[PDB]
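The next block holds one structure in the form of structure tokens; read it before the comments.
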Amino acid sequence: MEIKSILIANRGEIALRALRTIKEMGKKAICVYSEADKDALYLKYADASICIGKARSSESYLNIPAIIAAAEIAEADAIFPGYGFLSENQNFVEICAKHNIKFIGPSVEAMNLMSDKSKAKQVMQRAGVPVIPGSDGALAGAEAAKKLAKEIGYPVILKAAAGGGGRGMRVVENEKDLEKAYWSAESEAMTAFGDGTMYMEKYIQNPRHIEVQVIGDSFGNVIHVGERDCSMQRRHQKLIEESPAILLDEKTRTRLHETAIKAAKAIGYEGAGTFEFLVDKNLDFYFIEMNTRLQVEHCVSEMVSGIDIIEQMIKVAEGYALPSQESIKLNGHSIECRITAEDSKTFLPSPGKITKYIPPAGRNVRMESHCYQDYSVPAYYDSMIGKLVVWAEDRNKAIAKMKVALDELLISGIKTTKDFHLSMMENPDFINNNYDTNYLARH
Amino acid sequence: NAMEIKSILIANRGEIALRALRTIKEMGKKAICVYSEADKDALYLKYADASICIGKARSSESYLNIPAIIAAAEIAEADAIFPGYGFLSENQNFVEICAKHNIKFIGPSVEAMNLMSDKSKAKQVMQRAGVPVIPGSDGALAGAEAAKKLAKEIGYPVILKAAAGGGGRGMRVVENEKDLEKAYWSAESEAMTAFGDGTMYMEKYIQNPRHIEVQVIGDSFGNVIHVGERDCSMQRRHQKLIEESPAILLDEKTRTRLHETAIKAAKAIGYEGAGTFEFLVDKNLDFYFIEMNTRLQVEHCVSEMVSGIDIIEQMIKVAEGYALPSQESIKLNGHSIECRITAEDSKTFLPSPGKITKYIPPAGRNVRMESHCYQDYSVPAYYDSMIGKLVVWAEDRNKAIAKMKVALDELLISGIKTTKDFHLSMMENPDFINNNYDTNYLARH
Ligand SMILES: Nc1ncnc2c1ncn2[C@@H]1O[C@H](COP(=O)(O)OP(=O)(O)O)[C@@H](O)[C@H]1O
Ligand SMILES: Nc1ncnc2c1ncn2[C@@H]1O[C@H](COP(=O)(O)OP(=O)(O)O)[C@@H](O)[C@H]1O
Ligand SMILES: [Mg+2]
Ligand SMILES: [Mg+2]
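For the protein sequence lines, the chains are B and A, in the order given.
Last residue of the first sequence? That's 443 in the authors' numbering, and every number before it is there in order.
Last residue of the second sequence? That's 443 in the authors' numbering, and every number before it is there in order.
Right under this line is the structure:
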């Protein structure tokens, strides 16, 4: 039952985030590192750290035998996967169980139900969750796509069933463009995911991307920790997230929370997970996918809820019950800005040595970063510097706090997206909540 | 409104200047900083809307130069001054001069400040208000012979205290009559040098006391709220090193009566702005007023984390003529602890001035490091040994102690010594964990 020692099978800011909660709980925190990451701050803080191989970027971190051997030599009885890397690898999950190591996440069955995005939609339909009109599972091929697109009506979006990170999608405005887009997406999908299965849905114009954080336990209870608006996106990837999503009235908010809970219970979900929805102009909402793991932006939900999500993940893995939904109080407003080592206009990576680093601080300011003065950022591989998160009593106060915090973040030696975020905090469209997932594309 | 403040000069330095600046700017007001030449390297000067050099340095001397401070406010067109703590924050002449120059002093009236400033007269004011005080002299002692007579009357041990006293200075505990005359003159001389006023008073010396204080804020309508109580009993030289809220020593009935007493006291003196009533609590859990600080205190962040209130924000609103939130709206939750990290040796507490060659502060959920330091900053430990205040909050005391240890562990400072290891040994000290200590604990150990 009780977990005594947890190996963090990840790197960067999430490794440090996890380590803090693990050590506060009085458990051993075991870190792993490629040779390229021997300079990582969290290694100084870990109970033990194991070098798991050569840099080659993610390679060693994806080396299942090395991760397992590290857990075993360090005597870890559980593994925290974070996000990315092995967190959605079903093979890894089964191998953990084979070695009597607790995987802190959902069952391989639940993960498998939601891993093919086209099949996941069919599971959601069965469960009474609204989905976007489109293909019934995967497209057979380009001719099937042509027939269907005419039936649902343009514009449509082709999406990779094995897709993630915003890749393998193509919005198609007219039939003349369809076949070319199909093969473009299919090829990218094959290269990125080793699987070129495609599906299709209606393209919602100017949608809001609003997601519900859930956690389920071994007793079948599932709670939500509010919803997040992540509509400020470039290249279908998030830059700024916030909670609550003030776009929603309380009734729609309630319906959305309920839908997420219902969905989690229908699939026997345990652990932290997120249901992602698109919300249209008349506040209709549609499931687009579930992430069966923690997400990068989770801290915004922690700030409004008072919950340590990683603590609850660990407790659930130990067989404890979650708190009751009634005990969960959502208050105020949280915003997160992802600070990356990239130019604030071009968003091109800016690798190099940080020669000055002064993070912001203050009341209800949480800078989540593994960076420090003199640290070298490998922006070509991980451009993440840190997540700057604030909380305040309402959205306007949160924006003002973010502006001060961004102003006080002093980084020299590399370019960062600090100025991008500062310009967003002053942008009347952001202030008035008049934007959507395509806002940056047309500005 | 007509009283809305647009620009605030921060008449202070160090960590409190940065703390104030953050709130002022978040409220959309201009933050004007001042600095002596020795403080040209201060971090908050980078963040200020404007920064004025007010003098060579001496130490506090330029910061204590009223004409220089007023002139800086006027050149910068500040309409209000935030005094922080120390320096001019309890200087009644400065408060009156602000009013003469049509600059709003963010703090109480000079009348309320004057009622409390002489600690012996303050006790008489409190008695009249129905607030319990420690038995002792009725106002100031006439001299050493009066002290001898009184000490037999109230009973040994007694403590001689400077009426103008502060910062733990000008006090002597007297356990027997043979020691009294010498102690009297030692305190009186120290008080004369430190405060320019050797007026002494006496009260009973409470055995093994706990120091528990109540944060209040009053507005111009006569409303006064409290923001909970803080236990600050882990002291060296009668000065605080660790503070927390709530004070788990107290049961609910006593805590309620303590909060009420502070509100009653503040209303009786017409107090507006932030202030703190300091009490000692004895072995029977009876509490007694010892003094009021008519200003913000160093450890205010402790009360912010349990209450969700920005105290400096409320001070500013009150100064603009707004009403405070209702007491009903103030919810006190969880437990917060603050450790004062200074540039001193953890064992000897001797200053360790010098350049910080590495600085990595802790962070994380509900961890607040209040510091103006940065890598390459030189700490003048001889003058201000403060590095920063590390504050954490959690759902209960043991969880807060666990979070404090993790945060202290992750604080990396090189180039100077700090009291980090002292605080780590306090978080691991079973007497601390078990709540079995008092203001003299460190002296016995
Ligand atoms: N049907 C759709 N209509 C409009 N935009 C969409 C649609 N599906 C996805 N998107 C855009 O792509 C983003 C991510 O989609 P998702 O299906 O979650 O992809 P991934 O698995 O790569 O994260 C959404 O936030 C939205 O910006
Ligand atoms: N009557 C007393 N009995 C015991 N200790 C006292 C008494 N008065 C003061 N002290 C000690 O001195 C500390 C500060 O007292 P205070 O009167 O607030 O001095 P200051 O004005 O210097 O802050 C207390 O926290 C306590 O440790
Ligand atoms: Mg997605
Ligand atoms: Mg005092």
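A virtual CB, placed ideally from N, CA and C, is assigned to each residue, including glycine.
Taken in chain order, the complete beta strand (DSSP E) segments of 3 residues or longer contained in the region 347 to 432 of chain B are 356 to 358, 365 to 369, 384 to 392 and 410 to 412.
The closest CA to that of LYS102(B), considering only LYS121(B), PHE85(B) and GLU75(B), is found on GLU75(B). Cα atoms of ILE52(B) and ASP39(B): separation of roughly 14 Å, rounded to the nearest angstrom.
Along the length of the region 236 to 319 of chain A, whole alpha helix (DSSP H) runs at least 4 residues long occupy 250 to 266, 298 to 305 and 309 to 317, reported in chain order. Below 8 Å, too few C-beta pairs join the region 190 to 199 of chain A and the region 291 to 309 of chain A to call them touching: fewer than three.
As for any beta strand (DSSP E) of minimum length 3 sitting wholly inside the region 198 to 223 of chain A, the runs are 198 to 202 and 208 to 216, ordered along the chain.
Put simply, the region 53 to 61 of chain A does not touch the region 16 to 30 of chain A. Fewer than three CB pairs are less than 8 Å apart. In this structure, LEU410(A) has its CB at a distance of at least 7 Å from all heavy atoms of ligand 1. Taking 8 Å as the CB threshold, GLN373(B) lines the interface with chain A.
Looking at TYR203(B), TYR286(B), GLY216(B) and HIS333(B), the one whose alpha-carbon comes closest to that of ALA120(B) is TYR286(B).
Taking a contact to require three or more Cβ pairs closer than 8 Å, the region 104 to 112 of chain A and the region 271 to 290 of chain A qualify as touching. Measuring C-alpha to C-alpha distances from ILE210(A) to each of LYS159(A), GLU179(A), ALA142(A) and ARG253(A) identifies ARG253(A) as the nearest.
Among the residues of chain B, those whose CB is under 8 Å from the CB of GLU302(A) are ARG363, following chain order.
Contact annotation: the region 430 to 440 of chain B does not touch the region 300 to 309 of chain A, with fewer than three C-beta pairs closer than 8 Å. Residue contact check for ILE8(A) against chain B: no CB pair falls below 8 Å.
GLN233(A) has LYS238(A) as its beta-bridge partners, per DSSP. Proximity to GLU151(A) across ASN100(A), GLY137(A), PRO133(A) and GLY141(A) peaks at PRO133(A), based on C-alpha coordinates. DSSP places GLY12(B) inside the alpha helix (DSSP H), whose first and last residues are 12 to 24. Taking the Cα of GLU186(B) as reference, the smallest distance to any Cα among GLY153(B), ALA145(B), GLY84(B) and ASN112(B) is reached at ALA145(B). When rounded, the separation of the alpha-carbon atoms in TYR182(B) and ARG366(A) is 51 Å.
The region 334 to 346 of chain A and the region 384 to 392 of chain A touch, with three or more beta-carbon pairs separated by less than 8 Å.
Rounded to whole angstroms, the Cβ separation of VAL222(A) and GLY216(A) is 4 Å, and the two are in contact under 8 Å. Straight across, the Cα-Cα distance linking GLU13(A) with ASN206(A) is about 32 Å. For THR437(B), no beta strand (DSSP E) encloses it, and the DSSP letter there is neither H nor E. Residues of the region 314 to 340 of chain B with a C-beta atom less than 9 Å from some C-beta of chain A are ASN331 and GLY332, listed in chain order. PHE92(A) carries a helical assignment under DSSP once its states are collapsed to helix, strand and coil. The beta carbon of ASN174(A) sits closer than 7 Å to those of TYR154, all from its chain and outside the five residues before and after it, given in chain order. Put simply, the CB of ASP39(B) is far from chain A, with every gap to its CB atoms at 8 Å or more. Short note on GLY166(B): C-beta closer than 7 Å to some heavy atom of ligand 1. In the structure shown, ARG338(B) falls within a strand segment according to DSSP collapsed to helix, strand and coil. Between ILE30(B) and chain A, the shortest Cβ-Cβ separation is not below 8 Å.
Under a criterion of Cβ atoms nearer than 9 Å, no residue of chain A is adjacent to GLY82(B); the nearest Cβ is some 16 Å distant. Taken through DSSP and simplified to helix, strand or coil, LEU158(A) comes out as strand. Relative to the non-hydrogen atoms of ligand 1, the Cβ of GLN233(B) comes within a distance shorter than 7 Å of at least one. Taking the Cβ atoms as the reference, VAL214(B) lies roughly 10 Å from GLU227(B), outside the contact range of under 8 Å. The alpha-carbon of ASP136(B) is positioned some 13 Å away from that of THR197(B).
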